[PDB]
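A.B. asks: First portion of the complex, with coordinates as positioned in the assembly:
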Amino acid sequence: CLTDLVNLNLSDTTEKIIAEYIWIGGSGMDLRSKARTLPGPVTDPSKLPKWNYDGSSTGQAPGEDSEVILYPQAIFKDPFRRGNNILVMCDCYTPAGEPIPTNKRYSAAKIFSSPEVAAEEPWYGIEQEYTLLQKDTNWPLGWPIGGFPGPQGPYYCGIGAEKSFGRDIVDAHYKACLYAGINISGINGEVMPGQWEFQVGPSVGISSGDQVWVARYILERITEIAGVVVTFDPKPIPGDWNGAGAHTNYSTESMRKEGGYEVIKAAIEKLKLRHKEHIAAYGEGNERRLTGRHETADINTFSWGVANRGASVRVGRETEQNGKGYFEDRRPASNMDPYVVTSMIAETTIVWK
Amino acid sequence: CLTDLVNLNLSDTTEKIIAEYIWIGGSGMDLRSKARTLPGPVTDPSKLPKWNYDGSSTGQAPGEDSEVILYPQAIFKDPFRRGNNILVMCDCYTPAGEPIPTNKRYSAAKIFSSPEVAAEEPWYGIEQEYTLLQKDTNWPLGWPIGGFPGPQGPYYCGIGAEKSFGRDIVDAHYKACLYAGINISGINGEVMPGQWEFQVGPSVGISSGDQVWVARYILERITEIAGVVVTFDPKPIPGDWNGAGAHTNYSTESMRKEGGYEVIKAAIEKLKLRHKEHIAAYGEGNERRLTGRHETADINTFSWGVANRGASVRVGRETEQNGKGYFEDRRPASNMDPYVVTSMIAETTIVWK
Amino acid sequence: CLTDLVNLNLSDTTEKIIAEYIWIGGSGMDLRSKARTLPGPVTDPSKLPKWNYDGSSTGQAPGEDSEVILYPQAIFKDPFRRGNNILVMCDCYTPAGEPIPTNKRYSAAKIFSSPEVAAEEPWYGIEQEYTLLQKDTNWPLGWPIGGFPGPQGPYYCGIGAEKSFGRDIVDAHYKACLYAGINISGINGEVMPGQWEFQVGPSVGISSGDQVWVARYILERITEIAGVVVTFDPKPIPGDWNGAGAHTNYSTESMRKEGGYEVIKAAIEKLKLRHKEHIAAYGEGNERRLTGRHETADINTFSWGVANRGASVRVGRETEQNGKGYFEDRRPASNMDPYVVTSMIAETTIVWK
């Protein structure tokens, strides 16, 4: 029946290829996509045709002047259609070639191109935490309707049918991402029951944002299959339950080299000064997350420390002991735009003085 | 058990083949089919025997003179029975060789054979929108019974279990169509929840209508497997919900060559003059769809524009900018007979002055 | 779990074979079977041992003298057990070598051996119509309990979840039958919702009866897997709903040769004279079917005509136009014994004057 058809191997019958064009909609947080047939395999982004879509259905264009343009930027293998089919992360433009206001890749790309940034070759490890919900009731997976599971404690990295909710989805996503070519560094179950995490492992400059977005796309397509809902809301349940962040781990060339630790403290120092303006771009609703409790620092203070999960920024024991490595910006919410967060960190850290 | 037998590979046991003969029934909108065993593989339509059926059971002949004749016209591979089995799009005649009144293939074939049309080598891209319904209640897939989902907005090209209903069926159809040999160019999720679209990519003359009908047959067979219902009704839910069109994209030899844009405007001009008569053949119920809202033009006016989804006809930014390409007739309803629409466009556009 | 064991491939472990001996029970309408292990593959009926069964449990013998004897007559591949396992159509005899009263194969074999019949080499194509029922309620598949679907119209050769009920079973049976080696010429969905048809394609003399019985066995074993019931009752639902025939298509050597049409009319003429006595053997309950409505002729009249589905006998347009072919006896009920009907037609048509 139905999976026989979804899983048909096309290679036996044509050279033709399906490409799923993915872009970001009007809200800056909604992923959209559609698919087209291409005459054969393609491995290079610039050999893919540009395309358009109805921007008036995605809050990005008026009905009378409706076309918005898609620029292929990155190709991944499609873990759903498989074979030689592909996913294509895109970028949005007016027909005149202007980037639309919700296109944040463009600015970010500029910054990562700028030669004093490219020289420093910045690395990002982003930790995407999210929460699984039951469809329709919108109540976290594995929670009884109108009630609560036992208090936090056993759920973090836990095992067992009463502790761990949705591993199916997580493991499927892990492999799907690896198969697609995403640099996914690992996964864990989080503190709040029904909450999980994956890491997009050290990725350079613009490709970090590209990868996180596609990772997100893949996640949500998987939950879709499973009949479950995902939120990237930073604090889906009020009270004594963890919120969801997108910790950004960061290092430059000079930070991972001998006596890098000194560059790190300097970079932290710059971040301290631009705290306010980073907060404003670090995802909406973050006030409900960053309270100083539940392994967050208060939104209003800035702090840093060594193995300190209460601080705005944390430096690993490992990198302290080696006088070189990376640090962790814990401030960004799970609904953060990685293009924005990632480039803004480069800018505050290299360019600005 | 049951899928073991449905999916038996016959190649291991005979050379015999199964052919599913498909035709259009008394309503002009109802697909019918039955199957016969043939001695071996066949790749050419004209090497298939003719056949008949009981026309008195399909509203096409009286009981006393019941036989109606099937002319094989197009062969595709059967994505359900797989192996060497085939689907066979047919054409209906009286035993005297007359095309019956519901046979619209015949006229259309005439027009596409006529040499000044064939010279122009017309291309059609038809965008089949349709809606998925729950069996028995006839209420759209994913909608709560006697209620409504959230307003339009997030559904168009959306992902997620709360946004996207029926992707299973859509992806299955996609591959089944490609495997079968249909020139399907792409798919997207539409504006109304539960509404979807596939495109029968640029196809020449008569084979456009053949391919759309078979595409439809395959869709409805797939929904049948899934226990879900399809309508091609152009406005299945009244109120603030999109209707369903079958946009017909169109280009001639001279339209896709240098300074083709002028030929396009000329063609549009001709269409403006025969609006009334096209409307009459553009599918029934269209009055309930073409209202000027929900990305339609009002039935009574005719208009055109560049990136204008409010217009009767739209021309891509792409083809404007290159002074050559195709245009989109947005007027035909989802329940349009592509034979009638496709040929009538050629006729108003090439033959008539 | 359970299908892993049912689908075990025995070829990897022994040369041993399973043979399912099929026979006809005390009612003349009830198929029975049991299975024995045989030392290795067998392709010829006469190399299979005879066997017996408890006739006192099938209405065919008393308890004190309970053994009845099975004579292998035809071999087919077992589509259930697969590998080298086989189904074996049988014939029933007293231990003294007498055919039992419910054995109608014996008479039929006699007639088909008789040299003036064998010379004429008669061909049968029987159209087995049947109805699928919900278990326990015995109400047709797809019909709401204590209610009715929409009126007849859309169901004949239809597609769609609202029109087409049980295609699963029908498609599985089609392949099962092909794999088995039954000469199945095709299938269609019938006029009454939940009613279906298959054809056992042109088969010579005694092997027509053999194949139809085995086709029936295979059908009912499939319905058993699906948890659905089949009737061959000629009129399962009173009122404005089609009954179920087993149309017998027929032709002799001389009918399919030049000026065969004349032999056909002559044959029809002879049938007209023995209408009463054919009816009496054409299946019980037929009075509820043959009413002159729903594509039958009244039991009391005999008539014939060209494309006439209201007649007792029909001749295809195709065979009229070519002055040679076959004709359709529409009179037999779906619960007809094909041994009786098939041989009686030969007898009234060749032997008797």
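C.D. replies: Structure received. Residues are numbered from 1 along each chain as shown, chains lettered A, B, ... in the order given.
A.B. asks: okay, CA-based contacts and neighbour counts for the rest of this
C.D. replies: Noted.
A.B. asks: ok, how many other residues are close to the residue in chain A positioned nearest to chain C?
C.D. replies: Chain A approaches chain C most closely through residue A:1 (9.2 Å), counting by C-alpha to the nearest C-alpha. Using other C-alpha atoms under 10 Å in any protein chain shown, residue A:1 has 15 neighbouring residues.
A.B. asks: now the one 4 residues further on
C.D. replies: Neighbours of residue A:5 under the rule other C-alpha under 10 Å: 21.
A.B. asks: can you confirm it is in a helix?
C.D. replies: Yes: the assignment for residue A:5 is a helix, going by DSSP: H, G, I helix; E, B strand; the rest coil.
A.B. asks: which residues does it contact?
C.D. replies: B:79, B:172, B:173, B:175, B:176 (C-alpha atoms under 8 Å, 6 or more residues apart in numbering or on different chains).
A.B. asks: Narrow those to just the buried residues.
C.D. replies: Neighbour counting by 16 or more other C-alpha atoms under 10 Å in any protein chain shown classes B:79, B:172, B:173, B:175, B:176 among the contacts of residue A:5 as buried.
A.B. asks: I'd say residue A:18 and residue A:37 touch.
C.D. replies: Yes: with contact defined as C-alpha atoms under 8 Å, residue A:18 reaches residue A:37; the gap is 4.7 Å.
A.B. asks: higher neighbour count, the two?
C.D. replies: residue A:18 (25 against 20).
A.B. asks: put chain D on too:
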Amino acid sequence: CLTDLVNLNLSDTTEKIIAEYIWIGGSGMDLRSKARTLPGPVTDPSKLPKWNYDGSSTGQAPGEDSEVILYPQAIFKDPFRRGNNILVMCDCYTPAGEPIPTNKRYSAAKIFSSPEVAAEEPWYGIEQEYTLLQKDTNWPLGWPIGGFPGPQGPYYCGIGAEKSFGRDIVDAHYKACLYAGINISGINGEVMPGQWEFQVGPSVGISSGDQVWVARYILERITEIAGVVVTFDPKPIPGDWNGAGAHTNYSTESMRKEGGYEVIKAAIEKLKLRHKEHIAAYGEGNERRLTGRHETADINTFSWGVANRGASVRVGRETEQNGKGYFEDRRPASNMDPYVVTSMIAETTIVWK
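C.D. replies: The block that follows adds chain D to the chains above:
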């Protein structure tokens, strides 16, 4: 628990009274109501205070000028709250004393006051047919979901759990109407399963319209208790199922006196001449009901006859044989406004020449 409170007898504790003010909403077909406490029992309409409501929530006034005024016209006992509590049929006016466009009681009252009409003292017997539906699916009570009961025949005036659906509601409404003071002349089960009827027995002039509206109000409140829905749609199910009328039986002083039959034919004659204009005011959707089949006359012809349920107007055998009585106008749909229909009949029949 809950019925203990709904059924509390207030007479034991205060003299206070609850009055439910009923009026007709912006669509002219939607009943609305609210309740207020009054210091003691009231038996005369003119001793009740006027009141208002938010017209902007009923499509009868803008938000900035929202008040619409209610004029008490008739009092009935409240069968729900019981005791001395009352229902109050109302009339709607601008604060300036203008009747609003949806107030059709005003015109009707004028006509029934006019002295040549009051002299003739017209009587109305209106037969309100309606259909019960399952909540959410909107499919008729007692029908299986996505299916149909057996054909019409046994349902009209039938008894039995398989024939009769919703008697509870009907019998409760019968008594509730009698207790309230409505002159309800009787009830019957109608032709279509789930369809029922009550008659508002001979009522003079304006009180006929008042009583039918209140009878409707009571009905719908009862269905609300039972968790069932009512339509007054004139043809709720397409096809071979009866529609719903509101036959208006009519007689004047001179029609019920000696040789009244002659006056009757004359009146019928005047109605024949104004058929077109009556139709236009006889309820919307009537085209779907008045087809000439299912005991209707075609909308386009006008006819009359003695015991003729095929006619536009019918005269009883009883009144023919006595040369005096009344006649039945069968034309009005069940969603008819009885104020409009009732007065329009008086006008065409007495006033106009």
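A.B. asks: who's in contact with the residue positioned nearest the centre of chain A?
C.D. replies: Taking C-alpha atoms, centre = their mean, the centroid of chain A lies closest to residue A:212, which sits 3.4 Å from it. The contact partners of residue A:212, by C-alpha under 8 Å, 6+ apart, come to A:126, A:200, A:338.
A.B. asks: What sits closest to the last one if chain neighbours are left out?
C.D. replies: The reference is to residue A:338. Nearest residue to residue A:338, sequence neighbours excluded (C-alpha to C-alpha, 6 or more residues apart in numbering or on different chains): residue A:209, at 4.9 Å.
A.B. asks: What distance do you get for that neighbour to residue D:207?
C.D. replies: Noted for residue A:209: a distance of 75 Å to residue D:207, by C-alpha to C-alpha, to the nearest Å.
A.B. asks: try residue A:96
C.D. replies: Residue A:96 is 71 Å from residue D:207, where distance means C-alpha to C-alpha.
A.B. asks: Looking at those two, which is more packed in?
C.D. replies: Set side by side, residue A:96 and residue D:207 show more neighbours around residue D:207, with 19 against 9, by other C-alpha under 10 Å.
A.B. asks: where's that one, which helix or strand?
C.D. replies: Per DSSP states H and E: residue D:207 is located in helix D:206-226.
A.B. asks: counting contacts, what elements does the very next helix or strand once past that helix pack onto?
C.D. replies: Under the assignment DSSP H and E, the closest C-terminal helix or strand after helix D:206-226 is strand D:228-231. Under the contact criterion of 3 or more C-alpha pairs under 8 Å, 6 or more residues apart in numbering or on different chains; DSSP states H and E, strand D:228-231 touches strand D:123-134, helix D:206-226.
A.B. asks: and then chain E:
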Amino acid sequence: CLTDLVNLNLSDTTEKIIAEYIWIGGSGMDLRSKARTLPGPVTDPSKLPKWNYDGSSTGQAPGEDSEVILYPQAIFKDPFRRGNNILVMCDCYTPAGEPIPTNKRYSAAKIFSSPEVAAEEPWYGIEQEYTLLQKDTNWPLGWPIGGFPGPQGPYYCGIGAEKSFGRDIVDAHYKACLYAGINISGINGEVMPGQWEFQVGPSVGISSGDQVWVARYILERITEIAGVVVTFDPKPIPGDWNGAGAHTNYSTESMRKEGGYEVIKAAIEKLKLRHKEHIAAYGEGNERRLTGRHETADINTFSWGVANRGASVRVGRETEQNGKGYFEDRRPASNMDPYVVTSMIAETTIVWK
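C.D. replies: Chain E goes in next, on the same frame as the chains above:
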């Protein structure tokens, strides 16, 4: 809520009365009724108005000449509406005063008026057996779907949840009938599970038929309330399960007086002679009941005996021992028309020689 309204006591608010007019429809076996409001209490049939109904909806008149007339013949108290409300058993006529073909009361009344019959003052005791079915499946109450309870034996006059199905209905009916004024002589549970019986105790002439029909009306109204179905089919389940009769117990003046036993035998002797003709009028389907088994006599033989439940006619031990009493005609089926059976017995027994 709903029973509060159905059970409203109207005596507190008007003198008005509800009268349910009951009649027999086109099949001769289907009860019909509707209700009208009357100005006050009525105890005498001849003071009730005649009425009519739509005969074209009950198979008793054409649409163009649709009125059929109802003559009140007997009054009973209405056990559903209670208070002073009434049931009214009616008789059907053309507007010309002719009894319609399905009116069997008329003939019967003639016979019971004829003075040599009235002198003899005949008494009837009819034993109405019937069977309770589950709605929709039509399978007997208490029987598992698609299965059978334990064999007959414990059910006849049994008690306990596993033996006795529907007593609710039966005890309700008993009281309702007594309250209504029907001369119900008693009840018992019958041999077949879900089968029951009541007796309409010694009633004179025409009133026997009247009372049985009303008892039947009351029964089916009660089953309606319970959501269960009744058949009066004489053999609802084939096989080793009892059928249902309507035994008619009978005596004349001279049979209940001294040496009445001689008159009895003489009467039985006359019945023997007209067996064939009685059978023809004793209800349809009786061939399936009267088999000689399950406490019946074979249809083709006539027999009688003393305590013999295998005989066509039985005489009680009591009346044998006293040489005077009554006898039991066991031949009539449960779907018998008591008007026909009752009068035909008087005729064969008194009038004919």
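A.B. asks: and the neighbour count of residue A:5, now that chain E is in?
C.D. replies: 21.
A.B. asks: still on that earlier bit, measure the residue nearest to the centre of chain A to residue B:255 for me?
C.D. replies: 43 Å.
A.B. asks: The residue of the stretch 151-300 of chain A found nearest chain E: what's it in contact with?
C.D. replies: Closest to chain E within the stretch 151-300 of chain A is residue A:227: 35.3 Å, counting by C-alpha to the nearest C-alpha. Going by C-alpha under 8 Å, 6+ apart, residue A:227 touches A:135, B:161.
A.B. asks: got a list of what the residue in the stretch 101-250 of chain A that chain D sits nearest to touches?
C.D. replies: Closest approach between the stretch 101-250 of chain A and chain D, counting by C-alpha to the nearest C-alpha: residue A:136, at 18.2 Å. Residue A:136 is in contact with residue B:162, counting by C-alpha under 8 Å, 6+ apart.
A.B. asks: if we go to 10 Å?
C.D. replies: Applying C-alpha atoms under 10 Å, 6 or more residues apart in numbering or on different chains to residue A:136 gives the contacts A:228, A:229, B:144, B:161, B:162.
A.B. asks: Enumerate every residue touching the second one.
C.D. replies: Same thing as residue A:229. If you count contacts by C-alpha under 10 Å, 6+ apart, residue A:229 has them with A:131-136, A:138-141, A:220-223, B:160-163.
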